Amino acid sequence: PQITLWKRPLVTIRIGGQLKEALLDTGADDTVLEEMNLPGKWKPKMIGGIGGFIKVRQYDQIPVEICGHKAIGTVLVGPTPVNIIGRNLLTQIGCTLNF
């Protein structure tokens, strides 16, 4: 599909057996999900954005379906205000910016 940017580019994803709304975020290196009790081994990480850093849990090789396109990779979980799909998964679904 083609997604215009008049509004926040929110799409449906599936991860760990839940459907969620997530923001397609070309500015984000990583994919960061709102707090959820995901099974599996994880490692602590700190990630930065506009106002500073937050602590997250890094889970590897997690399957994530984005608008019906399958992806699998690292997902960070923590107190982000919004579920964000970053470049690590956007590349897997062949997402480009076009103007």
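One rule holds for the numbers: they count along the sequence shown, beginning at 1.
Comparing 45-53 with 61-69, the higher mean C-alpha B-factor in the PDB entry belongs to 61-69. Mean CA temperature factor is higher for 35-43 when stretches 70-78 and 35-43 are set side by side in the entry. Ranked by C-alpha B-factor against the other modelled residues of its chain, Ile84 falls in the middle third. Remark: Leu97 belongs to the middle third of its chain, ranked by C-alpha B-factor as recorded. Split the chain's modelled residues into thirds by C-alpha temperature factor. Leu19 is in the highest one.
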